[PDB]
Every structure is written in structure tokens, then in C-alpha cells.
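A.B. asks: once you've seen the sequence and the experimental structure below, I've got questions.
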Amino acid sequence: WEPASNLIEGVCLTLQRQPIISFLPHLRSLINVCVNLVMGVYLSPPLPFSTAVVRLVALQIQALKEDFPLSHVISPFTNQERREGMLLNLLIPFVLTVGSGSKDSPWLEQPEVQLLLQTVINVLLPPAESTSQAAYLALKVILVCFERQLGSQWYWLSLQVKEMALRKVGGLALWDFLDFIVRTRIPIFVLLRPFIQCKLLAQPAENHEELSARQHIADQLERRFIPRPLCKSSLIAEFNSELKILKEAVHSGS
Amino acid sequence: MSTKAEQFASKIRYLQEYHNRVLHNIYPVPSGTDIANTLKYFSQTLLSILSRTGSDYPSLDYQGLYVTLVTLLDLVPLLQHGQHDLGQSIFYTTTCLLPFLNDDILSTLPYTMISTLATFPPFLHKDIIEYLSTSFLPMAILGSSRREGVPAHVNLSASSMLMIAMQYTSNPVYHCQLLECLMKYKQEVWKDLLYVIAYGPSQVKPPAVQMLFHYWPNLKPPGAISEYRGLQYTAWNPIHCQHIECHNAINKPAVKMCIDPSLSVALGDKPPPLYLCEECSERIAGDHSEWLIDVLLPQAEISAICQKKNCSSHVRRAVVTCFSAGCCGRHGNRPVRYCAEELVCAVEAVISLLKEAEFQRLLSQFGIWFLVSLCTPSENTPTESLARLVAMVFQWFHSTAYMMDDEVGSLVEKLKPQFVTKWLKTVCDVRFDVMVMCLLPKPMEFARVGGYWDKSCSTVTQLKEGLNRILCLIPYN
């Protein structure tokens, strides 16, 4: 796969330097066949080929910015294991690759990213466990990677994460999510920490591991002093390490 | 009271069987004009019920009525006909339950009040802002703050309600109303408002210091040449007084608050509390003045000079605000302003203030006259905080070597010498070892944080721009 990834990066550099070559449907069939080969719809390609495929998807989205409705690009899968495979291989590398941040350069605008937000929540809630943690990771990376452009829609997804906490979906994955919330203090926690101290930390648990996680998040919360504004490339490294943990978790036979 | 609780339970049952009906919106759904025409009869019988209130609780349901009312409040955007009288009827319903409320759901009253602000159109937001500060918030700050020890919502969730208010409204009337009422009614609001300027979202960093600066008109540096006089703060509308059987109920604002329920109901034809003026209050101010607590007048000119007239401070701009209700009525019921270890998170707010000053950036000068006013560099500040401070101020020096030939850029490049230079001289005095430890290409993990470190590329061009900002740093003396 390494010279195949070299071929795909040759195609990617042709798209990078020559934007006008994106018109022929042969390139589009290359995009569709490399996406369906990365998805495999047990033998997965290595990280350079997957990086090349995701960068090809990233270029095709930025260039053809009027065509290509994302509902078949983030492809339809009626089976949920194919949906969590999409969350693992297709979604979160696209989130990590699209986040450059330079203010003079554009990126994915508002309607496609709110379609992504409703997509991840509709994976999470129905409008059984590793797919839910992967959905929390997708919510994790879209919250941290899109700080400046989700400036209109906080309260509705505040109600959705309220509904997530009301249903205990996933269990301890919710406690790790709210521990990240109260640790790095991303601005949704201002509408969430009164919900913590008034409902969640005020109503106790019943399972001893959930009690230990609850005391952990309570000691992290009750210290009202200065938090740590992290370097957050170590947050990217936690994303890669959790990706490698789940990658060896799904190719282990069970 | 025999058939009144029966008919309230019958309408509760009606909305329950229409709630177990999946909302397909089949017609006839009763319109909001018809819903408020029924509940106007309910408001009249609730007026005749709350004409005898003095714990005089009747056998009505107030717990399922809360969830029925918030589901109705979420059916407000699903309606078309009759929205204004629907809002008036919801207002009358909630304020007539306010004497007969249980103390388990009353703590979560005003957050659920502000939770339906974005669902309402802006023409109903004037009735929202003309009714809230009269009724909803004050009884939650009076009836529920006598029992402290429990986590109250003005400690925790006040920053949440105020962020939603800064987000969804664009009126200095609305923001000035909520800021004056929540500051005057409860203390230590400044720490949570600093905490929401600190860790709030980025779009509420302009207005939460803009509308603050009506009430906090001091963080301008001296010789205040200011061109950001956009939306000069004309205050809110003088409240039209509910007591119909008074004499001067046209134009004057209120100064005390009549909460005595039976007299208010049977005299004003309006729900309690009745907000009484200066001429209105002094009729029942002899025997029932334990209920009359001092309210303040809308001040369109809050002075940037100190509001106490016996001035003794050298700087006419006075920093610390204390807001007791002792003698704040010698100027026309005007909020009088005044003049240790809690500093570090305040400077953290400045770190998060100037972090998104990359791209009308007058907040840099607010951070300039913030850091040199009451932030002290000492040994109480830890190593990580000082490393973070010197790294973020170095990014501010480089980003103020940018922003060429704009008016606020000319202002921040005028105030860059002679103001932060004595601060860096004190830094070179006390902690020059940690600065040159932070001037190393890859420092400790307490130092190289924040900014644009999230890159899926080579980090050696970041070091090239680091050497470039050191090059821009050297001729600064």
C-alpha cells in the first residue's frame, strides 16, 4: 500500500497545485472507490493511505463547494456497525485534517458543520457501547476543532447533552466527557456546571465504579481555582492514541 | 373552593390526554387566541382565589403544571394565531402560582424562564423584559435565598442566564435591565461576570464588556481618547405602574416593592408584587415596610466620575463596586458606586480576553488598564501562571507589531510604550529567570501552550516565526 499511497498523494498534489482539474468524473470515481475501499464495503490500509484518502476527500469538498451534497459523501449506512466504522475511519480523520485555523484561508462553512452536529447527535440519541464511545469522540473532536464557527447553535445541543445525561447513555463515557468538559472549560460548561452541581452531583449514584468516577469528577470540579489551558496538541495526541486503542480493539476478533 | 380545583384538574387531564396524543397537529387544535380566552377565565378565577392569601395553599397542582407549562412554552414556536395574548396568559399563570409555589421546583424557575428566550420573537421580548424584573427573579432572590447552604442558582447558574441574555438579545435596554437587577439583588455578581467574560464563548466577548461599561465606566486609560462611542447607552423605558387606583401611575419609576398579597390583588387588579414609586409607596410605608425593599431608577447617565459626592480618591475613575441598599437614593434613586488573593483568575480572564484579539479590538486597552491597576506580580503567582503570562504577552507584542494603519491599531500602538514597559521592567526585576527559561525554543509544558499549536504540519516553521517575533522583540528596549 505504500506506493499506492504515493500514487494517491500524486493525485492529491495535482489537486493541490491545479484546482481546475476537478471537473472530470474519473477523479470522482477515484474518490468514490478509495472511500469504499477504506471503508471496505477486516483488512484495513495503513495510516499513509488513509491520510491520502481523507486529504482527497478534504480537497474535493473545498474545491467543489456548490455540488456534492454531503448526505451521500458522509455516506448512507442502514447498518449501525457500518455507521460506527464511518465515524472511526471517515468522520474523525476528516475533522482532524480540516482544522487548520488560518483566518485568511476559508474552510467548511456553517450548514455542513451543523449537519455534522445533528449527524453525531442522531448517532448518539435515536430520533451498543463502542459505537456510543466513538460517537462521543466525534462530538469531542467537533467541539474542540470548530470553536469559532459554531457561534449560533449552543443552546439546542446544550439541551441534547442534557438529554444525554438524563438517559445515562454509555455510562462512564458520559463521565469522561463531562470530566473533559469541566477540565478544559470549553464554553458549553457554563450552561452545564449548574446542571452538574444541581442535578448530577446532587443526586448520587448506585454502582461503585460510577461512585468512583463521580468522586473523581467531584474532586476535579470542587477545586474552584485556576484550571490548565493546555497546549492541546497533546489533545490531538490523545485523539491519535484513543484511535489506535479502538483500532486494535476492532481488529482483535471481538 | 370545590369545582375550581376540579376544573383545573380537568384542564390538566385535557392537556394530558392531548400530550399522550402524539403531536400530529391535526385541526382543530385550539388556537392561542382560544387558549388564552379560556385561560383568561382561569386568570379571573385565579384573581378571585388569590384575593384571599393573607401558606394559604388550595388543592391545586403546581408540579405537573410546571411541566405542562414548559411543554406549552415549547409549543409556542409551533403556533401561528394568537401569540401575544398567549404570552400574557402564560405570564399570568406563572405569576399567580408564585405565591403558591413549592420550594423544590422554585430553585429552577429563572433558568427555565431564560431557556425560552430564543423561542420567543423579539416583539414578545419587550413584555418578557417588562415582566421578569417585576416578578420572576425578585421572589426567587427573596423567598429562596433566606435558605442558604443549598446550591442556589444565583451562585451557579447566573452566568448561564446572563450568557444566554448576551447571546440572544441585541438591546441595551434588555441587558441593562438584567445587569442592574441581578447586581442590585445579589452580591458577588462581578466574579461570575468575570468568569463568563473569561470562559464564555467568543461572540459574547464584545457585548459582555460593552454593556458592562455602562455600569463599569472606569477601565478606560486616562487621557481617554475614545472613538468607540457606538450605541450610546440610553437606558430602559420607565415602567408603567400597575396600580390603576393610584394617582401618579403614568411615568415615574418605582422605588420600593409591595409584596403583601391580598392588598396588591384586591387593589391593583394585577398580580403581586406591585412595584411602588416614590409617591406611591409612602401610604403603607408605616406598618408594612419590611416588605418594601429599595429598587433603583433607570440611569441613562451613569457617571464615569465617582457617584459618591464626597470624593477623596486621586483618580476620578473608581474601581471597586459595593451595592448595599442603604443610601442609594440621594441622586434620584441612582446606583451609587464606591472605591486580595483573588487576583490570579482575574489575570486568567485577561489571558482569555486578549487570546482572541487576533482579529474594533478596544479590549486590548481594557486589558492594559486591567493588568496595571490591581494585578500584582508576586510569589503567590505560580510558575505555570507566570510562564503562561509571559508567553501570552509575547504573542500580544507580536500581534501588536501587526495591525498596521487602523484606528484602534494606532491606539494600541500609541499605548504600547509607557504603559506595559514599566510592567516588563517589574518582570525583569522579579522573574527574569522564568522569562529567559520561556525564551528557550521548546520550553517546559507549563509554558508553550495555547494559540495555534493545533497543527497537523511541521512545528519548525512555528520556531521560525518564534525567532521572527524575537527579532520583532529586540528593538523594543
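C.D. replies: Thanks, I have the structure now. Numbers count the residues shown, from 1 in each chain, chains lettered A, B, ... in the order given.

A.B. asks: and the residue of the stretch 101-250 of chain A closest to chain B?
C.D. replies: Across the stretch 101-250 of chain A, no residue is closer to chain B than residue A:194, which sits at 3.7 Å (C-beta to the nearest C-beta). Quick note: C-beta positions are derived from backbone N, CA and C, even for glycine.

A.B. asks: and that residue, helix, strand or coil?
C.D. replies: Each residue gets one of three states, and residue A:194 gets helix by DSSP: H, G, I helix; E, B strand; the rest coil.

A.B. asks: output the contacting helices and strands for whichever strand or helix holds residue A:123.
C.D. replies: In this assignment (DSSP states H and E), residue A:123 forms part of helix A:110-124. The contact analysis (3 or more C-beta pairs under 8 Å, 6 or more residues apart in numbering or on different chains; DSSP states H and E) places helix A:110-124 against helix A:70-73, helix A:130-145, helix A:154-167.

A.B. asks: which neighbouring elements make contact with the second one?
C.D. replies: When you say that, I think you mean helix A:130-145. Applying 3+ C-beta pairs under 8 Å, 6+ apart, we find helix A:130-145 packed against helix A:80-85, helix A:92-98, helix A:110-124, helix A:172-184, helix A:233-250.

A.B. asks: which ones are touching the most centrally placed residue in chain A?
C.D. replies: Centroid-nearest residue in chain A, with C-alpha atoms, centre = their mean: residue A:138, separated by 2.3 Å. Taking C-beta atoms under 8 Å, 6 or more residues apart in numbering or on different chains, we find residue A:138 in contact with A:87, A:91-92, A:95, A:120, A:123.

A.B. asks: also residue B:347?
C.D. replies: B:371, B:375, B:385, B:389.

A.B. asks: among those residues, which pair sits farthest apart?
C.D. replies: Within these, B:371 and B:385 form the most distant pair, 13.1 Å apart (C-beta to C-beta).

A.B. asks: element containing the residue lying closest to residue A:184 once chain neighbours are set aside, please.
C.D. replies: Closest residue to residue A:184 apart from its sequence neighbours, by C-beta to C-beta, 6 or more residues apart in numbering or on different chains: residue A:230 at 6.3 Å. Residue A:230 is part of no helix or strand, with elements assigned from DSSP H and E.

A.B. asks: shouldn't residue A:230 be in contact with residue A:186?
C.D. replies: No - taking contacts as C-beta atoms under 8 Å, residue A:230 lies outside contact range of residue A:186: 11.3 Å.

A.B. asks: may I see the buried residues of stretch B:165-173?
C.D. replies: Buried residues in stretch B:165-173, counting neighbours by 16 or more other C-beta atoms under 10 Å in any protein chain shown, are found at B:165-169, B:172-173.

A.B. asks: looking at the helices and strands packed on helix A:110-124, which is buried most?
C.D. replies: Comparing those by mean neighbour count (mean count of other C-beta atoms under 10 Å in any protein chain shown), helix A:130-145 comes out on top with a mean of 21.

A.B. asks: got the angle for that one vs helix A:154-167?
C.D. replies: 150 degrees (axes from the mean of the first three to the mean of the last three C-alpha atoms, to 10 degrees).

A.B. asks: direction included, what does the one helix or strand residue B:275 maps to pair up with?
C.D. replies: Element membership for residue B:275 (DSSP H and E) is strand B:274-277. Here strand B:274-277 is paired, per DSSP bridges, with strand B:254-258 (antiparallel).

A.B. asks: and the very next helix or strand once past the partner strand, what other elements does it pack with?
C.D. replies: The C-terminal neighbour of strand B:254-258 among helices and strands, as given by DSSP H and E, is helix B:261-268. Helix B:261-268 is packed against strand B:274-277, with contacts defined by 3+ C-beta pairs under 8 Å, 6+ apart.
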